[PDB]
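Below: the structure, in structure tokens.
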Number of protein chains: 2
Amino acid sequence: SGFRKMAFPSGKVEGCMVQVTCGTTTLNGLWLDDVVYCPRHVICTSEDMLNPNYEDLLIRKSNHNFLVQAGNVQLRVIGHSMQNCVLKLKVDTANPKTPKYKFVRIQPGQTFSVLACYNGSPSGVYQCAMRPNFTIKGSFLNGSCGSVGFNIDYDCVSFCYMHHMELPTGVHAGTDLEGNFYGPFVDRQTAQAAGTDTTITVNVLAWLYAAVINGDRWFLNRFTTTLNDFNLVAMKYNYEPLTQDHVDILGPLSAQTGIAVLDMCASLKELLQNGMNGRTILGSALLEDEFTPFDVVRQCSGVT
Amino acid sequence: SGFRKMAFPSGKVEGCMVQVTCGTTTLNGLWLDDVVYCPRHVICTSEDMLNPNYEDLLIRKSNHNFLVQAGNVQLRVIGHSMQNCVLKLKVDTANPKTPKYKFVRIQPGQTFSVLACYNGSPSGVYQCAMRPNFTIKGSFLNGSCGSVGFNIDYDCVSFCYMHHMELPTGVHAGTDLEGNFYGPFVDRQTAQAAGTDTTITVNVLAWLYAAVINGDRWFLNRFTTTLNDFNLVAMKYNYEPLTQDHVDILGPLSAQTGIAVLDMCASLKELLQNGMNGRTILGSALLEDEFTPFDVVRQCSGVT
Ligand SMILES: Cn1cnc2cncc(NC(=O)[C@@H]3CCOc4ccc(Cl)cc43)c21
Ligand SMILES: Cn1cnc2cncc(NC(=O)[C@@H]3CCOc4ccc(Cl)cc43)c21
Ligand SMILES: [Cl-]
Ligand SMILES: [Cl-]
């Protein structure tokens, strides 16, 4: 028992991290096969960030202007191209530590681990979720750009995020491994405000099932609700609308605990309306929404 | 910016995990050099756990009764010994992935990362702290025994914990890499209740400094306190007494933010007395105590 904000083991992704330097800018790159992926703003000065024409800035850069360093040895860049907001630097050596991998674009509500890096060196690993406003609440400093978000399916690493930017409000923006930003953000130092950060209802429900599985049962009540009834309360609390797909997704957790999905919805409805009353659930004084129903099943069953 | 419960990169420790089987019991082992460390209860049946005489049970076991499997290849056990509550299985091959390492016994309040494993395979990584009652609030299931807790100092892994047991209240108990349990726990299936789980005051103060560093400043007040005055309030809230050593430890965070340690103590004193009033600090509705002052500095400066 016990339920923790758990990240995937990072070793497979640590073996992919490299340092990319272009001129006076140094960020992280992801080395898979003979390609190094990094944010295209590696080609900018802090002044170019204000209004960058990336296609024009890139005309002035050649293969030798990109200094790629894996560990403490230099990689030879034999080609470079821009795919959306990422640069792909073709090197002459295939990464020997390249794991089985995929590039996936995730939906809001989905969770992933992040291996925060500085100068191609991993500093830490943590779990976060793609918010409904397409930002992430990470922990990134200057030099952390190029750090990646991922999920592991036994031996296959599914890369879903590359860190690019920090909005004025401290939240984070980035792209998938094809260079397409999550949400409306652009790689420009311009005022970009995120939209409403709603709560991922399906994830809160999954976390309430993890609490019942791990012995926290105080919040369980004698009521039930309907999808329409629960969604009226959820809207009022800036919770995402719950769909029949989310109910289906919760099916296995509902089977494991014997608590019907709509009964758990009524438990959540009362927690929203009454508050925690100074109580905690899985060591938390707030309703956690960064555990998907798949994460709950994986952690509670011990998938390796 | 952004402040997350961050674990150390786990790759160095993933390369040490092996599966240890003795009879019908299978748990995890830590392979460093030509030695495999694992909990001594690998030699017990679920019935032996009730009242085990380990020295007697071990008489019946030979080198060939310990099946050590690294990845999918078997290791040859050429010796075995019991050190306190751990078994050291000498193998004929030195682990090629053995990192630079140390065995350290940590004090309560200290934090470390845990790489949870099942059948020698890493399933996840998370951060936790040695509680003042010498338990940890981990996430471990049946088969997770032998999973280790560690800290990294650049390239040196300091192993501080091996998981052994789950108390009836869901909390966790284990030993250091010398086999000595943290606290009073014994490797017996007997009623063992943990003592008071007090809050690690120095860690809460360090986390309040991380909040000010990352822009959460609402809780800052116009008051100051003394060590004696703050400790009267802290005792009443089951907070650990704050010492001049803890004040000295906070010195650098105090310098970075310009907020005197005793001023932050008064901020904490008011949060304890008034509550959060439905507000959050670093995305938390409760005062987090599993970040040491060293963790705050490391994460906020990006030590790799
Ligand atoms: C500067 N900085 C501090 N903590 C950060 C965490 N993550 C990222 C950054 N970096 C940025 O956001 C830079 C700074 C200049 O403005 C822009 C504009 C667009 C883009 Cl794509 C990147 C950036 C951080
Ligand atoms: C059974 N189990 C379930 N979730 C666990 C998480 N961590 C550990 C265990 N295992 C144990 O605690 C076993 C079960 C039998 O009782 C004892 C007694 C002493 C010792 Cl050292 C180990 C154990 C877990
Ligand atoms: Cl910006
Ligand atoms: Cl027990």
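Throughout, protein chains are lettered first and strands after them, A, B, ... in sequence-line order, and every chain is numbered starting at 1.
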Residue [X] excluded, over 12 heavy atoms near [atom1] under 6.0 Å:
{"X": "A/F294", "atom1": "CZ", "result": "no"}
{"X": "A/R279", "atom1": "CZ", "result": "yes"}
{"X": "A/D155", "atom1": "CG", "result": "yes"}
{"X": "B/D197", "atom1": "CG", "result": "yes"}

Do you know which of [options] has the most heavy-atom pairs with chain A at a distance under 4.5 angstrom?
{"options": "B/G275, B/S144, B/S301, B/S10", "answer": "B/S10"}
{"options": "B/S284, B/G2, B/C117, B/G170", "answer": "B/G2"}
{"options": "B/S139, B/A285, B/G11", "answer": "B/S139"}

Interface moiety of B/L286 toward chain A, non-hydrogen atoms closer than 4.5 Å:
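Contact with chain A involves both backbone and side-chain atoms of B/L286.
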So what's closer than 4.5 Å to chain A heavy atoms on B/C300: side chain, backbone, both or neither?
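For B/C300, backbone heavy atoms alone lie under 4.5 Å from chain A.
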Check each atom of A/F3 against the heavy atoms of chain B and say whether the ones under 4.5 Å are side chain, backbone, both or neither.
backbone
Atom group of A/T280 that falls short of 4.5 Å from chain B, counting heavy atoms
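Just the side chain, heavy atoms under 4.5 Å.
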For A/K5, the option from B/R4, B/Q127, B/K5 that meets side-chain contact (heavy atoms from CB on, under 4.5 Å):
B/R4
Provide the closest heavy-atom pair for A/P9 versus B/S123 in the form atom of the first, atom of the second, distance.
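Looking at all heavy atoms of both residues, the shortest contact is CD-O, 3.8 Å.
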Partner chain B: residue of A/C128, A/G15, A/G215, A/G143 with the largest heavy-atom pair count (under 4.5 Å)
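Between A/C128, A/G15, A/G215, A/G143, the count favours A/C128.
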Between A/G283, A/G278, A/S1, A/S113, which has the largest tally of heavy atom pairs under 4.5 Å with chain B?
A/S1
So B/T304 and A/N119, do their side chains get closer than 4.5 Å, heavy atoms only?
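A/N119 vs B/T304: side chains apart.
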